[PDB]
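What follows is a short report on a single structure.
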Amino acid sequence: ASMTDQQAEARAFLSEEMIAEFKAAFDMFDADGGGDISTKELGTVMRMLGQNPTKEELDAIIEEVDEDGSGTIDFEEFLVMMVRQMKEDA
């Protein structure tokens, strides 16, 4: 109940140093910046952390994030994803 700040929920779940570790891989695609990358490549990141998802299903993830069009993605929303997975629906 009350998920008008899912964003903050992500950082609260992980530690301080744990966050810095995720930053390392984010730079692989963003040389000088480490703030925002492409949405088409975002999913590729999801798999290169240690996952097992479908390419067609990644199409859906897009609509869930920026339902209103297709802009960009940041490190904040980026943590919101990894959180959704670890929980799992079952």
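To match Swiss-Prot, the residue numbers of chain A are left as they are there, and the shown ones run 2-91.
Method on record in the header is solution NMR.
Cβ from N, Cα, C; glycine included.
The Ca(2+) 1 binding site feature in Swiss-Prot is assigned to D31, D33, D37, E42. Sequence annotations record features per position, and here Swiss-Prot assigns Ca(2+) 2 binding site to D67, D69, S71, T73, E78. Look at Swiss-Prot and you will find 18-53 tagged as domain 'EF-hand 1'. Taken from Swiss-Prot, the feature domain 'EF-hand 2' covers 54-89. Summarising the annotation, Swiss-Prot assigns blocked amino end (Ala) to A2.
There are 13 other Cβ atoms within 10 Å of the Cβ belonging to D67 (Ca(2+) 2 binding site).
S71 (Ca(2+) 2 binding site) falls outside any helix or strand according to DSSP and counts as coil. Least packed by the Cβ count within 10 Å, out of the binding-site residues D31, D37, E42, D69, is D69. Between the C-alpha atoms of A2 (blocked amino end (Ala)) and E78 (Ca(2+) 2 binding site), the distance comes to 19 Å. Here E42 (Ca(2+) 1 binding site) is positioned 11 angstrom away from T73 (Ca(2+) 2 binding site), judged by their C-alpha atoms.
Taking a C-beta cut-off of under 8 angstroms and a sequence separation of 6 or more, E78 (Ca(2+) 2 binding site) has the following same-chain neighbours: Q8, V66. Excluding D67, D69, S71, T73, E78 themselves, the residues of that chain whose CB lies within 8 A of the CB mean position for the Ca(2+) 2 site are, in sequence, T40, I63, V66, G70, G72, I74. Here the CA atom of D37 (Ca(2+) 1 binding site) lies 18 Å from the CA atom of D69 (Ca(2+) 2 binding site).
Secondary structure from DSSP puts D37 (Ca(2+) 1 binding site) in a beta strand.
For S71 (Ca(2+) 2 binding site), the same-chain residues lying six or more positions away in sequence with a CB closer than 8 A to its CB are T40, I63.
Taking only the Cα positions, the spacing between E42 (Ca(2+) 1 binding site) and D67 (Ca(2+) 2 binding site) is 15 angstrom. Distances between the Cα of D67 (Ca(2+) 2 binding site) and those of the binding-site residues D31, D33, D37 are shortest for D37.
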